[PDB]
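Inside the fold
Residue-level listing of the chains:
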Amino acid sequence: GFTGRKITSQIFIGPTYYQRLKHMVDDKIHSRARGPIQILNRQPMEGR
DNA sequence: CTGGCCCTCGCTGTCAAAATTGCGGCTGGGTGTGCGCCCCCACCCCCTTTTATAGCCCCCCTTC
């Protein structure tokens with residue numbers, strides 16, 4: 001695509017049934033810098 | 001005093017059973033949940049009477 005040159009090795013290409021899974025990154029990304037701290041330990045909370 | 005033998009008994013090794021602690025690391029969701037009997041002692045309610053009031057309802061009587 002970038003140069004328009006033929007790729008030397010011929011590629012195996014065709015329709016195939018793909019399916020998207022519920023594990024999306026936006027429901028996983030997580031960060032913290034001095035958030036709330038729990039009662040008993042006065043340590044960081046558990047969970048995103 | 002010295003030596004040979006079998007005995008109750010003291011102690012030990014050995015086997016066995018009961019008792020004991022731990023069983024990977026992170027993570028993300030959601031969803032739920034929070035005595036007991038029988039007796040004894042204080043305190044209060046209903047038993048009863050009165051009367052007005054009226055809607056409601058049980059009971060007995062009467063009809064056909």
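In terms of helices and strands, chain A carries zero helices and zero strands. Counting only C-alpha atoms and orienting by the principal axes, one finds that chain A spans roughly 65 × 30 × 15 Å. For chain A, the proportion of its 48 residues judged to be buried stands at 0%. As displayed, chain A offers around 6,000 Å² of accessible surface, 56% of which is attributable to carbon and sulfur atoms.

In this section: a nonpolar patch on the surface. On the surface, a cluster of nonpolar side chains totalling about 390 Å² of accessible area is made up of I7, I11 and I13. Overall, the relative accessible area of 76% leaves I13 in the exposed class.

Take unusual backbone geometry next. Outside of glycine, negative phi angles account for most residues, and trans bonds account for most peptide bonds. Of note, the phi angle at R34 is positive, near 60 degrees, even though the residue is not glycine. Positive phi values are uncommon outside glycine, yet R42 reaches one of about 55 degrees. We classify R42 as exposed; its relative accessible area is 64%.

Definitions and limits used
Residues numbered from 1 in each chain as written, not as in the entry; some residues may be left out. Chains lettered and ligands numbered in written order. Part of a larger assembly, values for the part shown. Heavy atoms only, no water. Helix = DSSP H or I, 4+ residues; strand = E, 2+ residues; numbered from the N terminus. Buried < 20%, exposed > 50% of the residue type's maximum accessible area, 1.4 Å probe, protein only. Areas by Shrake-Rupley, 256 points an atom, 1.4 Å probe, with all protein chains shown as cover. Patch = residues over 30% accessible without salt bridge, like charges linked within 9 Å, V, L, I, M, F, W, Y side chains within 5 Å. Salt bridge = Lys/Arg side-chain N within 4 Å of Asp/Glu carboxyl O.

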